[PDB]
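Taken in order, these protein sequences are the chains called L and H. Going by the deposited numbering, the residue at position 72 of the first sequence is 72; the numbering climbs one at a time, nothing skipped. Positions 2 to 134, 138 to 161, 167 to 218 (the deposited numbering) are the ones given, in order, by the second sequence. Heads up, the beta-carbon is just placed ideally off N, CA and C, and yes, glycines get one too. Accompanying notes for the structure given below.
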Amino acid sequence: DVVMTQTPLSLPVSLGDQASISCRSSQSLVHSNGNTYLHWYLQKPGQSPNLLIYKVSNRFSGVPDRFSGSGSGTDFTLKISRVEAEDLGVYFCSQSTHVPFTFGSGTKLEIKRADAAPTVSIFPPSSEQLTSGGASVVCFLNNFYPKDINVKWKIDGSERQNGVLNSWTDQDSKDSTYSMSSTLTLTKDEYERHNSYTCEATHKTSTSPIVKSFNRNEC
Amino acid sequence: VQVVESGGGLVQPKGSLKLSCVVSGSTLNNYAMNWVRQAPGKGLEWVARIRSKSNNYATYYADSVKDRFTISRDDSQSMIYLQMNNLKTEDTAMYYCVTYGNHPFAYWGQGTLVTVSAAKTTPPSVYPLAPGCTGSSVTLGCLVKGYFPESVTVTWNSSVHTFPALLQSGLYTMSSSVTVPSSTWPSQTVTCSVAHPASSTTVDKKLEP
């Protein structure tokens, strides 16, 4: 198991800028036959991977000459000359020198934009869901940049981990933002045992968490 | 010239499955073939490699699939197989067979999807997300909950966010948001229409203040 470490894991770029991605390996990728079996793949959204570069620096048939690969032994770099929109996706380095063949974790190439604070909405259990014996409490965290964000749920002031499921969208087509959904799922019974429900977000854009809550007893 | 994978589908834990992959034209069958897989929302995992006849059809395996998967082939069929047995939920992935004319891992097909679940088709529960308990915009949503298999569509009747689905103990849950000016809700009708074709379901949910 040769570990393949990509850096960065996320690369914000402006269209037309140069971008570089590094790939490092646990041990040397030079084979006994003298060849170095390190490759670069691009996977675009919805699509299967495309081979960009094989054996460190050999561009695949039709791969634009703005893509180049460099490095040796353990230390490799993919460089994109001027990033076009067609270039956006996840970049994977791969090694086929040692069995089992391994892959890097991927580097998402994404659009650089200005930071934006999220627009946070909280929603109480619907009466429909309550009839059925359950109670989902939902927070939308919409149109923020950059993508990193954590949400905390608090019930009557204490943090809660059980019943929380999170969902992040990909970078938006138009405004290059990111959105997120968070659901706390309780039983009707547990919901009716507590009153104060809070989703509490923290994001680059303020040092103070964004708090949204409601009280059950008032709904 | 290229590759077509087939054989995928829905199978139960402990089940077994045989995947096939066919080369195109050209004029050579002296080459090594691989299966690489990709779990939903995850990275690439190499699974197995078989060499050509001249290299004694040697086979190597990812430790995740050893003594459970057999990669094989038939040159007269121009065909590569993946014998998958003792299937587990974490084997859920798109399966790709991957090769090279003379340029390693070059040609990838579209794949075949393998879903290892013990779940039964399940209609979604569809819940309105309305506030509250004051501003320029108002955000609404629908919570689409506990369905199988995947493929739901929320149509709001564009500032829409469609959150990709998450696996919740065997079942899928997704949510969709809409944002409209306040001058338009609740003063007039906003509804999310949810279709789940596999259970023949179409819920129209009007959002009430």
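{"Query": "Applying the 10 Å Cβ sphere with the 16-neighbour rule, what's the burial state of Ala63 (chain H)?", "Result": "buried"}
{"Query": "Alpha carbon to alpha carbon, how far is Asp148 (chain L) from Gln13 (chain H)?", "Result": "36 Å"}
{"Query": "What three-state label does DSSP hand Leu88 (chain L) in the structure shown?", "Result": "coil"}
{"Query": "Which residue spans inside the segment 157-194 of chain L form an unbroken alpha helix (DSSP H) run of at least 4?", "Result": "188-191"}
{"Query": "What are the boundary residues of the beta strand (DSSP E) that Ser22 (chain L) is part of?", "Result": "19-25"}
{"Query": "For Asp17 (chain L), which option in L:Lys79, L:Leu9, L:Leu42 has the closest C-alpha, if you only look at C-alpha atoms?", "Result": "L:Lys79"}
{"Query": "Can you tell me where the alpha helix (DSSP H) holding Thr131 (chain L) begins and where it ends?", "Result": "127-131"}
{"Query": "Residues in the same chain with beta-carbon distance under 6 Å from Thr210 (chain H), minus the five sequence neighbours each way, listed in chain order, please.", "Result": "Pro124"}
{"Query": "Return helix, strand or coil for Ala114 (chain L), following the three-state DSSP convention.", "Result": "coil"}
{"Query": "Using a Cβ-Cβ distance cut-off of 8 Å, determine whether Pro190 (chain H) contacts chain L.", "Result": "no"}
{"Query": "Using only alpha-carbon positions, find the residue among L:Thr177, L:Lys154, L:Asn217 that is nearest to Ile210 (chain L).", "Result": "L:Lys154"}
{"Query": "Where does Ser81 (chain L) sit, in a helix, a strand or coil, going by DSSP?", "Result": "coil"}
{"Query": "Is the Cβ of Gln129 (chain L) closer than 8 Å to any Cβ of chain H?", "Result": "yes"}
{"Query": "When the Cα of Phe76 (chain L) is compared with those of L:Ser206, L:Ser68, L:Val83, which residue comes out closest?", "Result": "L:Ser68"}
{"Query": "Answer yes or no: does any C-beta atom of chain L fall closer than 8 Å to that of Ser184 (chain H)?", "Result": "yes"}
{"Query": "Check the C-beta distance from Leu180 (chain H) over to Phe103 (chain L) and give it rounded, since I have them as a contact under 8 Å.", "Result": "That belief does not hold up - the Cβ atoms of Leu180 (chain H) and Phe103 (chain L) are roughly 30 Å apart, past 8 Å."}
{"Query": "Measure the CB-CB distance between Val83 (chain L) and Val13 (chain L) and report whether it falls below 8 Å.", "Result": "yes"}
{"Query": "Quick check: the Cα distance between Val115 (chain H) and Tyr151 (chain H), rounded to an integer number of angstroms?", "Result": "18 Å"}
{"Query": "Taking Cβ positions only, does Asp64 (chain H) come closer than 8 Å to chain L?", "Result": "yes"}
{"Query": "Output needed for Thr5 (chain L): all residues of its chain with C-beta closer than 6 Å, excluding positions within five of it in sequence on either side, in chain order.", "Result": "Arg24"}
{"Query": "Using the beta-carbon count (16 or more within 10 Å), is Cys139 (chain L) buried or exposed?", "Result": "buried"}
{"Query": "For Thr7 (chain L), which beta-bridge partners are listed by DSSP?", "Result": "L:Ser22"}
{"Query": "Between H:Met95, H:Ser196, H:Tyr101, which lies nearest to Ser96 (chain L) when the distance is taken from Cα to Cα?", "Result": "H:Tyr101"}
{"Query": "What residues in its chain sit with their C-beta under 6 Å from that of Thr60 (chain H), if we drop five residues either side in the sequence?", "Result": "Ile51, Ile72"}
{"Query": "Below 8 Å on the Cβ atoms is my guess for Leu186 (chain L) versus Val164 (chain L); work out the distance and round it to an integer in Å.", "Result": "About 10 Å separates the two Cβ atoms, so there is no contact after all."}
{"Query": "Note down, in chain order, all residues in the segment 17-40 of chain L with a beta-carbon under 8 Å from any beta-carbon belonging to chain H.", "Result": "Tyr37, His39"}
{"Query": "On the DSSP bridge list, what partners appear for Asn50 (chain L)?", "Result": "L:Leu42"}
{"Query": "May I ask you to report which of helix, strand or coil DSSP gives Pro206 (chain H)?", "Result": "helix"}
{"Query": "Ordered along the chain, which non-local residues of its own chain (more than five positions away) have a Cβ less than 7 Å from that of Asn142 (chain L)?", "Result": "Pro118, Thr119, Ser179"}
{"Query": "Measure the C-alpha to C-alpha separation of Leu147 (chain H) and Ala135 (chain L) and round it to an integer number of angstroms.", "Result": "12 Å"}
{"Query": "Can you round the beta-carbon distance between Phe60 (chain L) and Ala107 (chain H) to whole angstroms, since I take them to be within the 8 Å contact cut?", "Result": "6 Å"}
{"Query": "Can you give the beta carbon distance from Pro105 (chain H) to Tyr37 (chain L), rounded, assuming they're within the 8 Å contact cut?", "Result": "6 Å"}
{"Query": "Within the present structure, is the beta-carbon of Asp92 (chain H) separated from the nearest heavy atom of the ligand PLP by less than 7 Å?", "Result": "With respect to small molecules bound, the structure shown includes none, and the ligand PLP cannot be examined in it."}
{"Query": "Bridge partners for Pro64 (chain L) per DSSP, in chain order?", "Result": "According to DSSP, which records beta bridges pairwise, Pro64 (chain L) is partnered with nothing at all."}
{"Query": "Using the C-alpha atoms, what's the distance from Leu175 (chain H) back to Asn166 (chain L)?", "Result": "8 Å"}
{"Query": "Tell me which residues share the same chain as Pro45 (chain L) and place their Cβ nearer than 7 Å to its Cβ, disregarding the 5 neighbours each side in the sequence.", "Result": "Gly89, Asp170"}
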